[PDB]
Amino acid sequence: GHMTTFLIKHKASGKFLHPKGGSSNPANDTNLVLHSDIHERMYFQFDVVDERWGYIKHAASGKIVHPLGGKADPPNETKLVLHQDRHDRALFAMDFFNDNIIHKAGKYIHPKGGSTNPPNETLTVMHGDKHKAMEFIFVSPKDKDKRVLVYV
């Protein structure tokens, strides 16, 4: 009966996850990108569905993060997008102990190409690898260095 609001910060670069174009209501299938700007159209919330699993929700639109096409077991390099649909293939967990975002089928959210310092507008993709450039922390919109609990 309450969801915190937070920024998803790419730990190595200090950039954040955005809908591409920064819209308050991104069209379905809008890519999830990295970008350095901060504003309320890149705020997110986490809608808990089942223990660790839930929906990464764009605060302004209510659309949530999907592997493009909604496959349950997406291959490496599957693009992440926003979409209004809510179902089990858009379930992720926000690992705030190991600092990563993991999909229910076991791959992680990465910047495409795996750079520690990706350009603005770099796409995000699913990938099974674990390394410093797929780490993310979840921080206050009022203080981008203050971690906040996404599970309440």
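Note that residue numbering begins at 1 and tracks the sequence as displayed.
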Per the entry, higher mean C-alpha B factor between 133 to 141 and 19 to 27: 19 to 27
Mean Cα B-factor comparison, 66 to 74 or 85 to 93, giving the higher one as deposited: 66 to 74
Per the PDB entry, maximal CA B factor within 105, 56, 33, 109: 105
Identity of residue with top Cα B-factor, from 123, 126, 101, 60: 60
Third of chain Cα B-factors occupied by residue 148: middle
